[PDB]
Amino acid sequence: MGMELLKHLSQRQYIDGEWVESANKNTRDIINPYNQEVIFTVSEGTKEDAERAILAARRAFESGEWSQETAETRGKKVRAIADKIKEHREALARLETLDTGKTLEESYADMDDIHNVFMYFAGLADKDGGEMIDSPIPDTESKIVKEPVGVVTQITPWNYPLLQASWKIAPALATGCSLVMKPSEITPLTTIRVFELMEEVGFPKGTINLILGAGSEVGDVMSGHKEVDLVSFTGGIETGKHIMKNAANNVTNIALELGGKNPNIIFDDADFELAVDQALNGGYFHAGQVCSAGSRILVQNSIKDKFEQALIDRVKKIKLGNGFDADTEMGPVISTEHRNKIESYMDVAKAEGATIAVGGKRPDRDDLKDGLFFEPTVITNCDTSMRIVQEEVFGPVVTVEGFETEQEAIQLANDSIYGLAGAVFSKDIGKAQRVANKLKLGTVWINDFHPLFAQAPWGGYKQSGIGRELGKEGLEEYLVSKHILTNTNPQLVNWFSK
């Protein structure tokens, strides 16, 4: 991309207008990846809690208190949430840094984007109730009414908790839906806080609900309950496929965003220093734990050697440390299990014949030994047939492959199971545009890397997802169309004998 509060922060779930503990009183300790110290303890909900929230969401939806409220008034409420976000910008960002480990700077930028997401949707709320159709049948009035889709379950990941949450909550509330959200069990702090803020705004009982807990325990209820009309999920491909299959039991709509293997295509006529700078940004922000990370670098052969050296020299200078310290450029990874997964990819890489040009291990420096740190890494001498190139590592790691021609870059970039995002660096804009038109990706950046905003749809082709978040299209996931046809001059058909 780009503490006082814990003593007052709620430790519970929010169900049917009440802050409640888990039905079995279980809890979970939340950790700070910088030092692996327990920073807070929260309720660990049960599947019956999730079910009660879903039933409450349904009841609240049928009561019409929110679903039948005027679109304009719903817009005002979503805007009020937007303002509470900005008002508590400092605390929310610190809280997100404490829980996820990324730098405060990155966190401030997230809060800025979150305010804008809510504000964008607040404004879109009353802008489109459907259409009037010119009917082909005389004496009939035809219209398409857009209604809230209904009860929606929302599941978010640990990399950008509040950000991913806003992308779902904003349109759900703007359209009039009822929702049940469950953040990642290892990072629920800002989500808990946003619910407290939403409660201050005021929503009819049951409209919004927060479940806390392991996906392995409550996850299936949220994706397969018959009272759910839409399941929206952002996370890994395996969990996504599972969710979809479970959702199929009730033919429930699904919206998924599953990360990718994002190419960063650098041509020999690119602005060289810019490309190096953006290659670093693409691979190492949030220790590369970004759905849109540019893990797969494609560089034109004529400048590959020059590029590799320049990138490697820079990677050695990346400053690791605590997210609260101003000099920090890269924080730690999210957990022990994720760090181990990354370490295993290093083994797979070497076993396949690739070269760990730099990094590929844990840093030894004293202030970093207690945290979940992993050195920024560059993997060279690799090709498309390797797992390290085809699979999403989701860590501070990037691979470099060379390409000869424009056509080869395109084939290589498109040679993956994914299709989320990517970039093309070239001073020849005409060439960049031809390439962008041929990349099978939801978002293509020309001479930039990471830009994304509420005004435009985000999502993936192929295995990177189904549907879109953000933009008008993102709002549409939360609506359903109904065709009401009125025959103004009804006559008997008299087909059947009388």
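The numbering used is simple: start at 1 and walk along the sequence shown.
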Are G2 and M3 truly consecutive in the deposited sequence, or are residues between them missing coordinates? Give the number as none, 1 to 3, 4 to 9, or 10 or more. 10 or more
Ranked by mean Cα B-factor in the entry, 415-423 and 317-325, top stretch is 317-325
Quick check on the record: does 149-157 or 211-219 carry the larger mean Cα temperature factor? 211-219
Note to self: of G360, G224, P188, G282, the C-alpha temperature factor tops out at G360
Per the coordinate record, which of the options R296, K369, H115, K76 holds the highest CA temperature factor? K369
CA B-factor ranking of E406, expressed as a third of its chain: middle
Select lowest, middle or highest to describe the third in which the CA B-factor of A255 falls within its chain in this entry. lowest
Lowest, middle or highest third: where is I15 by Cα B-factor in its chain? middle
Chain thirds by Cα B factor, record data; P332 belongs to the middle
Third of the chain, ranked by Cα B-factor, where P171 sits: lowest
